[PDB]
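The structure appears below as structure tokens.
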Amino acid sequence: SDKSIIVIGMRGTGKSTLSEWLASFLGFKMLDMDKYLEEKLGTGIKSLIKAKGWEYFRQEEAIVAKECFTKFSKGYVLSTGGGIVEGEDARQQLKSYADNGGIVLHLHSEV
């Protein structure tokens, strides 16, 4: 119960609300897996994909997704991104949270 809720799903104009509205309900904190990126390098989110590509944007995402699932385990409702499940190994570390007893959760033309 006191554990996190890993919210997978898409990105909308109101899908960032239910990530923090879930944080505000349980008295739990919130850590987005998108806005965590710009303070450790100092550069923007969209400035990293247009400069190198999808590869090292994923490799930077894959390393930082490990520790916040275990040292930010008890308390932050970890709002994960939209293209996280695009790769194979990020699909598998999500499934590691399932059988241990986690509450991994999905919140349901170009779009």
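All Cβ positions, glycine included, derive from the backbone under ideal geometry; neighbour counts span all protein chains shown. Quick note: the coordinates plus some simple rules give every number you see, no bench work behind them.
Considering only residues in the range 1-14 that are under 18 Å from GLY102 (Cα atoms) and of a type outside the set (A, V, I, L, M), the one that is nearest to the chain's Cα centre (by Cα) turns out to be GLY9.
Annotation note: of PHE57, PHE69, the sole residue that is surrounded by 15 or more Cβ atoms within 10 Å (Cβ to Cβ), assigned to a loop (DSSP other than H, G, I, E, B), out of contact with any strand residue (DSSP E or B) (no Cβ under 6 Å at 6 or more places or on another chain) and not acidic (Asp, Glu) is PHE69. One residue alone among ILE84, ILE63 is of a type outside the set (D, E, K, R) and exposed (fewer than 10 other Cβ atoms within 10 Å of the Cβ), and that residue is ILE63. Cβ-Cβ contacts under 6 Å between residues 6 or more apart (or on different chains), taken from a first residue in the range 81-105 that is at negative phi to a second residue that is surrounded by 14 or more Cβ atoms within 10 Å (Cβ to Cβ) and assigned to a strand (DSSP E or B), are listed as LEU105/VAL7.
Restricting attention to the range 15-54, the residues that are in a loop (DSSP other than H, G, I, E, B) and either more than 16 Å from the chain's Cα centre (by Cα) or among the hydroxyl-bearing types (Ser, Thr, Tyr) (or both) add up to 10. Just so you know, in the range 4-17 the residues that are loosely packed, with under 12 Cβ neighbours inside 10 Å and of a type in the set (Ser, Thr, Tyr) include one that is farthest from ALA65 (Cα to Cα), and it is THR13.
Taking the conditions (1) assigned to a loop (DSSP other than H, G, I, E, B); (2) in contact with a helix residue (DSSP H, G or I) (Cβ under 8 Å, 6 or more places away or on another chain) in turn, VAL77 satisfies each one other than (1). Residues considered: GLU39, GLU20. Of these, the only one that is acidic (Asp, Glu) and either surrounded by fewer than 12 Cβ atoms within 10 Å (Cβ to Cβ) or in contact with a helix residue (DSSP H, G or I) (Cβ under 9 Å, 6 or more places away or on another chain) (or both) is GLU39.
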